[PDB]
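Going down the list, the sequences are from chains M, D, 5, 4 and 3.
Residue numbering for the first sequence is 1 to 9, 12 to 48, 109 to 477, as defined by PDB author numbering.
PDB author numbering puts the first residue of the second sequence at 52, with every later residue one more than the last.
PDB author numbering puts the first residue of the third sequence at 3, with every later residue one more than the last.
PDB author numbering puts the first residue of the fourth sequence at 1, with every later residue one more than the last.
PDB author numbering puts the first residue of the fifth sequence at 5, with every later residue one more than the last.
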Amino acid sequence: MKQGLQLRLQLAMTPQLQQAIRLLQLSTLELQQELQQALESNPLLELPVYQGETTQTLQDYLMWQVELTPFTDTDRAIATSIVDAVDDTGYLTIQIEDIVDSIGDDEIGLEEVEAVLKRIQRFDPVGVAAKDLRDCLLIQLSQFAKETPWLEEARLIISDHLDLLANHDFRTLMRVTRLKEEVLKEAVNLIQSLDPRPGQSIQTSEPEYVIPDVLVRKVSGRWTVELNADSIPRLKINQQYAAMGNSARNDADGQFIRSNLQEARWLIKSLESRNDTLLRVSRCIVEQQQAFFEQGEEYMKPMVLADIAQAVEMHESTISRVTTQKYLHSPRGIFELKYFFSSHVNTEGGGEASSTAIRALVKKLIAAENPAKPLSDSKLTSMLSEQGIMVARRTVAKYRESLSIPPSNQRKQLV
Amino acid sequence: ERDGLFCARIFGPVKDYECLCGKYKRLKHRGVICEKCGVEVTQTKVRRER
Amino acid sequence: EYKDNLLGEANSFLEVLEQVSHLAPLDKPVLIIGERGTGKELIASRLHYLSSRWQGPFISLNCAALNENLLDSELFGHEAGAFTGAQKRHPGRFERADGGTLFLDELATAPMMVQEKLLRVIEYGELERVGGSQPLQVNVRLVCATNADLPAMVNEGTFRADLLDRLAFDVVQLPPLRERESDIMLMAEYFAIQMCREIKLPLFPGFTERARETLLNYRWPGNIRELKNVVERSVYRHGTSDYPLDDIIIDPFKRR
Amino acid sequence: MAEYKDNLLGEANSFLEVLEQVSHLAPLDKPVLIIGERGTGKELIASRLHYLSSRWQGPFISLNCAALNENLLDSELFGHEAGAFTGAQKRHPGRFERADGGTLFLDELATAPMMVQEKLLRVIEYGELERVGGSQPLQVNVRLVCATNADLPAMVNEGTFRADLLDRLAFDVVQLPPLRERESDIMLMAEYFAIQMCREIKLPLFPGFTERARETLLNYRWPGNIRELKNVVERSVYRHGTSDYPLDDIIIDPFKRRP
Amino acid sequence: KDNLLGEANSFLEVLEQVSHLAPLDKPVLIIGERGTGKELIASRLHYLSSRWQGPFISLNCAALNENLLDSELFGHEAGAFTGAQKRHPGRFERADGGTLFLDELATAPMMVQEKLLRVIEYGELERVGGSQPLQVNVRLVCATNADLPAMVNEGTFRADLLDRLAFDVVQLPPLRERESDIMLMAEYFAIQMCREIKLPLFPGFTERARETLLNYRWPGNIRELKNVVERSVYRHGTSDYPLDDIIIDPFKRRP
DNA sequence: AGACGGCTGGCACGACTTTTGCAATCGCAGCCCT
DNA sequence: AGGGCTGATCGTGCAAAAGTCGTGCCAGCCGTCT
Ligand SMILES: Nc1ncnc2c1ncn2[C@@H]1O[C@H](COP(=O)(O)OP(=O)(O)O)[C@@H](O)[C@H]1O
Ligand SMILES: Nc1ncnc2c1ncn2[C@@H]1O[C@H](COP(=O)(O)OP(=O)(O)O)[C@@H](O)[C@H]1O
Ligand SMILES: Nc1ncnc2c1ncn2[C@@H]1O[C@H](COP(=O)(O)OP(=O)(O)O)[C@@H](O)[C@H]1O
Ligand SMILES: [Mg+2]
Ligand SMILES: [Mg+2]
Ligand SMILES: [Mg+2]
């Protein structure tokens, strides 16, 4: 009747489940780190060489040549110091002045440092120790014979006209360099194949790093999702200490051991239940994925924390902590749980959902517009009109930045 | 790892003379050890000599 | 299209409809002088499916059953957690209005205060009952309809001059129940067929012309689906439309 | 300090002079109380004063009394800062509090709470207001704006208004030239509304109207002063719906049975 | 402490009367056909008393709302509904010895009286379920722009409510009675209005206006004098010519 | 050659999310002293 | 045999503050262009 609020409807909190959620929101790698750092005191809580082959790593390959090259002790020291602060791309990390300071010799000067670098500038490969790469591509072209045409045009452009090509400003470039029409592009292309980051070329090899935590294998539609068994932590109750407590003459001390053990059993069961709740949540998510992942991120409905926590009895904070730093390997592959949710929109697909791979493939088509110039946001809007889903140019710029696409008047290139 | 298997400050320095934290990454430091990490800026052979 | 249902062979039904059509692009208030058990709702529909914003919201919320004085304040709004015991205004009606019109049934009972609050709406329409929230307007049109005697209200002063005026922009007299007699035979058979079909009654009983005459005799002021209601009565009187139609039920209170 | 004349139309009676006096008042911020026909020059006058309120004056805090239900009308009245009244949370500032400096767009609704009346009396007390549980008084400011549509002195003799309802009210009065009285821009504002009406109708050409219509227009009472006629005008526009096609009649009293 | 005094033997008489009442803090209520600065009266009283250093800050009584008289008498409750938990104390206690004009008394309510009286007659701070009542001997006084003895005839109030005032209710003369410095009084009202109207100065009014001031019914006694004064001002807005006419009945509509 | 423009982003304001950060009482009965 | 009696229990989700985004949209700009 006469509405309002009226009295109706305390105790003591503890951070127990709170610390547990701190673990769950924390990633399982460091979460297991704590799990070990936890189970340590809880006593009831459970060839050498193979192939053994060394490698060059490039800089030592440079040193191999330096050893065969004639060099003095100060020359060897300067070259070695130059080698010490070297980047993967093969450009010089520190300037010549920093190298002169590192040599710490008044006899060592910038000119001697430059001479040492130049004698070692193009030994292997061309354009090593690029030193703010620019003269590096210059030395690379200089290595090429002048018999190659348009070498002069490319050289004049690289001399002091890097900015004109930086914005892809072909008209301003032609107006400045007086470069030939439809021919200066030839010098540009000869410059384009100039082995940039040539030192980056040596580096090629890596091992694998992604942890499948849950596995949905699309088992006969509506994937049979399953976590990783070995990755799931588990303790073993000290049954010896369980039998070392009651019979303890201090039946008090031993039964208290039993009580602490029972409490830890509760803790472990709660963690397992956290895993299982995450698992049933994963069942709902996999029901979603049998269409979304199967239709890919393009046909994916944006979901919310509210939406998922509604399907469960889990609290919104409960889920919000539960999935933090979680990733599962699927038929698609290893995919992060934090990636699962997405913001919805005002598109005229009849509904609200997220751009995602739609935005990515939109960037793809905008690039796929005539390679002369990047497609503007109006192109995206028309593409969406064809898609029948509402998208806006501010929204287009947003989704493009999400796909990290180049700007419309920055990605224009000579076809 | 840290205070454990394959630890810097233990059995020797890091891949380069560069220390583990990141300080002293050059040929300039001969035995210098960073405050952020103490690992002598040195050769990697002694990984088999400590 | 209201299925074109409720056919009124009274070319005045058509004429009303034509007025409706002229009103269809038109966006201003309208009264429908309806009848007891007549069916202003269905025609208002027939309009809404034809609305200038026919794509617009079409809600039916009348304050005739406004048992709560506060059901109003709601309909005018609520601050989020206004009073308390609640989260936010249940704003559905206020929702339909923006991107819509206003339709009500039997506007007689309104608290006069409620009414003139509606007045402060129609001319301007602030975010209302909103517990101090800043104003806000619903792109809201209107339509009115009742079986009451407007002069009776005027004598009652039931509609304020600002109210009676700005409230009203068109008047749609439902023909009297007996007014649309040829229409009566028409939509009567319309129901006859509609019933014989949907009932899946294997045969259609048809109609006794004597029953037809008796039915026409029914002043039947209520005919909204009161036509359909007496129709269901008569169908049960037949019970089954296999035989030719003669059993016509009007007054069902009678035992025996 | 601008025109914002808006659709303030049809003042060829001394309603022009009415506006003039309104202007004479406009600089002063003291209590405003007026009088006149509801839905008829009235809230337009309100707009008029809202323009008279400096554009930079502030929120034209509209006060619509036919609302407010019963009780916590009190809440937003005195205020509500405590718990158990308006969802608690922050001190909910009432529409009364919503106006700080704003328009006391008092509407003469003639609702029952002279309880309210006394409250507003304290609203118009010392420039101050105090909330529900409102632990302190707070000296408040707002422009004050009332009007009328009926016999306030009679209701005083009728006792119907709190005597002080009027006693605190109405530094002076401001009435309206009735439709039975104003009667001057008849054809004028008639055409103005007609222009708007055809334009919305996008009617290709101004129908024109016969003089029989204007003779009726003189004959008509137009009890609703401004709109009732205006509604009538738009109604003629509709019932015709023809361009350049000169009118000879108008649409007002659809309660008139059809022939 | 200072206001548009009525400058009058009746007015100065009520002045000496309240002056006899000055440091006195016993309960009180006001007599008066209307109010004639009813607030200003109790207000200057407030400015005077030992509650000058005390809280000379009133409270509007019959303002209040239905369910909450408890808190009203005693500020916000700790235990009322869950939300608040702090036994915020009497508005009285918010003064509790200051000067807090019990105004609006006439419009007050029935059981509302039933409590407030009894408590004032006897009751320390017994709040919602509290431990121990504390008597906030707060400077006590009410008012009546209306006739309580009439109300007694009606019997709406408590005869205890009759007891309420520990002081005799002074009254001010009717405007029809008082009508004393209204010449000078109006002159000051006009100096005021001209300042508010930013007007240069007042040449004056008609002596006919003076007689109409004499020939004035004057119900809104303390108000309407200055009221229609400045009303005549603005409807005139003219200072070059005397206010030969003054804004008589704004309720009257001119021809 | 100068206004055109389309873009882009800062700007801001709501719209939604969102984590963190709380802290026993009702009993018990065992103890301990007396 | 009585008192004291005292610390012995045992929990957890959501709110409040914060952030934070959608969304677009004005200012400067670049293209070029007539
Ligand atoms: N033209 C029509 N077509 C179909 N049904 C109608 C028609 N007119 C009235 N009715 C029926 O009358 C019943 C109540 O109708 P009506 O009286 O219009 O509503 P209200 O009580 O709002 O006037 C409705 O369920 C509707 O089926
Ligand atoms: N110049 C005009 N021409 C036509 N109609 C008008 C004119 N001025 C006001 N009206 C109409 O008068 C109606 C009521 O206005 P008003 O009396 O200000 O309402 P309120 O009762 O809030 O004062 C409005 O709906 C408006 O359409
Ligand atoms: N003695 C006085 N000196 C100055 N002003 C006064 C005096 N008496 C009354 N007033 C004026 O009267 C107004 C208070 O009106 P009041 O009589 O309280 O109304 P009501 O009679 O409805 O209670 C104040 O604005 C105040 O300026
Ligand atoms: Mg009905
Ligand atoms: Mg109004
Ligand atoms: Mg009063």
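Don't be surprised by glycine CBs; every beta carbon is placed ideally from N, CA and C.
Original post:
Using Cβ-Cβ distances below 8 Å, what residues of the stretch 78-89 of chain 4 are close to chain 3?
Top reply: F78, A82, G83, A84, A88
Subject >> Spatial neighbours of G134 (chain 3) in its chain, beta-carbon cut-off 8 Å, leaving aside the 5 residues before and after >> reply: By one-based count along the fifth sequence, residue 134 (chain 3) stands at place 130. Excluding positions up to five away in sequence, the list reads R91.
Original post:
Along the chain, where does the alpha helix (DSSP H) that runs through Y271 (chain M) open and close?
Top reply: In the first sequence, counting from the first residue as 1, residue 271 (chain M) sits at position 209. Per DSSP, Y271 (chain M) belongs to no alpha helix (DSSP H) and is neither H nor E.
Original post:
How about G36 (chain 3): is its Cβ closer than 7 Å to a heavy atom in ligand 6?
Top reply: As a working note, residue 36 (chain 3) is residue 32 in the fifth sequence. Outside the cutoff, so no.
Original post:
Along chain 3, in chain order, which residues have C-beta atoms closer than 7 Å to that of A170 (chain 4)?
Top reply: Within the fourth sequence, the letter at position 170 stands for residue 170 (chain 4). Under the 7 Å cutoff, chain 3 gives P254.
Original post:
Are the C-beta atoms of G4 (chain M) and some chain 4 residue less than 8 Å apart?
Top reply: Along the first sequence, one-based indexing puts residue 4 (chain M) at 4. With 8 Å as the cut-off, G4 (chain M) counts as an interface residue toward chain 4.
Subject >> chain 4 contact for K119 (chain 5) (CB, 8 Å cutoff) >> reply: Taking the third sequence and counting its residues from 1, one reaches residue 119 (chain 5) at position 117. Chain 4, which has a Cβ nearer than 8 Å to the Cβ of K119 (chain 5), makes this yes.
**OP:** Please determine if the stretch 162-180 of chain 5 and the stretch 117-129 of chain 5 are in contact, where contact requires at least 3 C-beta pairs separated by less than 8 Å.
**Re:** yes
Original post:
If we count Cβ pairs, one from each stretch, closer than 8 Å, do we get three or more for the stretch 100-108 of chain 3 versus the stretch 60-73 of chain 3?
Top reply: yes
**OP:** Just the C-alpha distance for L130 (chain M) and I219 (chain M), rounded to the nearest angstrom, thanks.
**Re:** For the purposes of this step, residue 130 (chain M) is taken as the residue at position 68 of the first sequence. For the purposes of this step, residue 219 (chain M) is taken as the residue at position 157 of the first sequence. Taking the straight line from one Cα to the other gives about 36 Å.
Subject >> Residues that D146 (chain M) contacts on chain D, provided the C-beta gap is smaller than 8 Å >> reply: By 1-based counting over the first sequence, the position of residue 146 (chain M) is 84. Ordered by position in chain D, the residues that pass the 8 Å Cβ test against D146 (chain M) are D67, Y68, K76, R77, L78, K79.
Original post:
What do you reckon, is the C-beta of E228 (chain 4) under 7 Å from a heavy atom of ligand 5?
Top reply: Indexing the fourth sequence from 1 puts residue 228 (chain 4) at position 228. Every heavy atom of ligand 5 is 7 Å or more from the Cβ of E228 (chain 4), so no.
**OP:** Pick helix, strand or coil for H92 (chain 4), following the three-state DSSP scheme.
**Re:** By one-based count along the fourth sequence, residue 92 (chain 4) stands at place 92. In this structure, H92 (chain 4) counts as strand in the three-state DSSP scheme.
Original post:
Cβ of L109 (chain 4) less than 8 Å from any chain 5 Cβ?
Top reply: Against the fourth sequence, residue 109 (chain 4) aligns to sequence position 109. So yes, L109 (chain 4) belongs to the interface.
Original post:
Heavy atom of ligand 5 less than 7 Å from the Cβ of residue 314 (chain 5), yes or no?
Top reply: Because chain 5 here runs from 3 to 258, residue 314 (chain 5) falls outside it and cannot be looked at.
**OP:** May I ask you to list the residues that DSSP assigns as paired with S62 (chain 4)?
**Re:** Residue numbering aside, residue 62 (chain 4) sits at position 62 when the fourth sequence is read from its first letter. According to DSSP, which records beta bridges pairwise, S62 (chain 4) is partnered with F105 (chain 4).
**OP:** Compare the beta carbon distance of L72 (chain 4) and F193 (chain 5) with 8 Å and say whether it is the shorter of the two.
**Re:** Position 72 of the fourth sequence, counted from the first residue, corresponds to residue 72 (chain 4). Position 191 of the third sequence, counted from the first residue, corresponds to residue 193 (chain 5). Cβ distance not < 8 Å, so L72 (chain 4) and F193 (chain 5) don't count as in contact.
**OP:** In angstroms with no decimal places, state the Cα-to-Cα distance between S23 (chain 4) and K230 (chain 4).
**Re:** Taking the first residue of the fourth sequence as 1, we reach residue 23 (chain 4) at position 23. Taking the first residue of the fourth sequence as 1, we reach residue 230 (chain 4) at position 230. So the two alpha carbons sit approximately 25 Å from each other.
Original post:
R182 (chain 3) lies in the beta strand (DSSP E); which residues open and close that run?
Top reply: Along the fifth sequence, one-based indexing puts residue 182 (chain 3) at 178. Where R182 (chain 3) is concerned, there is no enclosing beta strand (DSSP E), although the alpha helix (DSSP H) it sits in stretches over 179-182.
Original post:
What does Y192 (chain 5) pair with, by DSSP beta-bridge criteria?
Top reply: The sequence position of residue 192 (chain 5) within the third sequence is 190, counting from 1. Looking at the DSSP assignment, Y192 (chain 5) forms no beta bridge with any residue, so it has no partner.
**OP:** Please name the residue in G241 (chain 3), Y245 (chain 3), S243 (chain 3), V233 (chain 3) whose C-alpha comes closest to that of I251 (chain 3).
**Re:** Counting from one through the fifth sequence, the residue named residue 251 (chain 3) turns up at place 247. Closest option to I251 (chain 3), Cα to Cα, is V233 (chain 3).
Original post:
The beta strand (DSSP E) spanning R239 (chain 3) covers which residue range?
Top reply: Position 235 of the fifth sequence, counted from the start, is the residue given in the question as residue 239 (chain 3). Not the beta strand (DSSP E): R239 (chain 3) falls in the alpha helix (DSSP H), residues 225-240.
Original post:
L129 (chain 4) CB to nearest chain 3 CB: under 8 Å?
Top reply: Here the question's residue 129 (chain 4) lines up with position 129 in the fourth sequence. Chain 3 contact via Cβ: absent.
Original post:
Quick one, which of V173 (chain 5), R55 (chain 5), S75 (chain 5), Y245 (chain 5) has its alpha-carbon nearest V32 (chain 5)'s?
Top reply: Against the third sequence, residue 32 (chain 5) aligns to sequence position 30. For the residues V173 (chain 5), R55 (chain 5), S75 (chain 5), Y245 (chain 5), the minimum Cα distance to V32 (chain 5) belongs to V173 (chain 5).
Original post:
Mind checking whether the beta-carbon of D151 (chain 5) lies closer than 7 Å to any heavy atom of ligand 4?
Top reply: The residue you call residue 151 (chain 5) lines up with position 149 of the third sequence. Checking every heavy atom of ligand 4 against the Cβ of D151 (chain 5), none is found closer than 7 Å.
Original post:
Quick one, which of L195 (chain M), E169 (chain M), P17 (chain M), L200 (chain M) has its alpha-carbon nearest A216 (chain M)'s?
Top reply: On the first sequence, residue 216 (chain M) is found 154 positions in, with the first residue counted as 1. Checking every option, the nearest Cα to that of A216 (chain M) belongs to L200 (chain M).
Subject >> Best match in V238 (chain M), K425 (chain M), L446 (chain M), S447 (chain M) for proximity to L437 (chain M) [C-alpha to C-alpha] >> reply: Within the first sequence, numbered from 1, the residue matching residue 437 (chain M) stands at position 375. Closest option to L437 (chain M), Cα to Cα, is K425 (chain M).
Original post:
Span of the beta strand (DSSP E) holding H391 (chain M)?
Top reply: In the first sequence, the residue the question calls residue 391 (chain M) occupies position 329. From DSSP, the beta strand (DSSP E) with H391 (chain M) extends over 389-391.
**OP:** Would you check if the stretch 324-333 of chain M and the stretch 383-391 of chain M touch, i.e. whether three or more CB-CB distances between them fall below 8 Å?
**Re:** no
**OP:** Would you decide whether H230 (chain M) is buried or exposed? Buried here means 16 or more other CB atoms lie within 10 Å of its CB.
**Re:** Locating residue 230 (chain M) in the first sequence gives position 168, counting from the first residue. Buried, by the Cβ-count rule.
Original post:
Would you say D164 (chain 4) touches ligand 6, meaning its beta carbon is less than 7 Å from a heavy atom?
Top reply: Residue numbering aside, residue 164 (chain 4) sits at position 164 when the fourth sequence is read from its first letter. Indeed, a heavy atom of ligand 6 lies less than 7 Å from the Cβ.
Subject >> Distance between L465 (chain M) and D197 (chain M) (C-alpha atoms, nearest Å) >> reply: Along the first sequence, read from residue 1 onward, the residue named residue 197 (chain M) stands at position 135. Along the first sequence, read from residue 1 onward, the residue named residue 465 (chain M) stands at position 403. Each residue's Cα considered, the two are about 33 Å apart.
**OP:** Check whether the Cβ of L13 (chain M) lies closer than 8 Å to any Cβ atom in chain 3.
**Re:** As a working mapping, residue 13 (chain M) is identified with position 11 in the first sequence. Chain 3, which has no Cβ nearer than 8 Å to the Cβ of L13 (chain M), makes this no.
Original post:
Taking C-beta to C-beta, are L52 (chain 4) and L8 (chain 4) nearer than 8 Å?
Top reply: Stepping through the fourth sequence from its first residue, residue 52 (chain 4) is reached at position 52. Stepping through the fourth sequence from its first residue, residue 8 (chain 4) is reached at position 8. The answer is no: Cβ separation not under 8 Å.
**OP:** Just the C-alpha distance for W126 (chain M) and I161 (chain M), rounded to the nearest angstrom, thanks.
**Re:** As a first step, residue 126 (chain M) is located in the first sequence; it is residue number 64 there, counting from the start. As a first step, residue 161 (chain M) is located in the first sequence; it is residue number 99 there, counting from the start. Between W126 (chain M) and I161 (chain M), the C-alpha separation is close to 21 Å.
**OP:** Output the distance between the C-alpha atoms of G208 (chain 5) and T40 (chain 5), rounded to the nearest integer angstrom.
**Re:** Mapped onto the third sequence, residue 208 (chain 5) falls at position 206. Mapped onto the third sequence, residue 40 (chain 5) falls at position 38. In a straight line, the C-alpha of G208 (chain 5) is about 24 Å away from that of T40 (chain 5).
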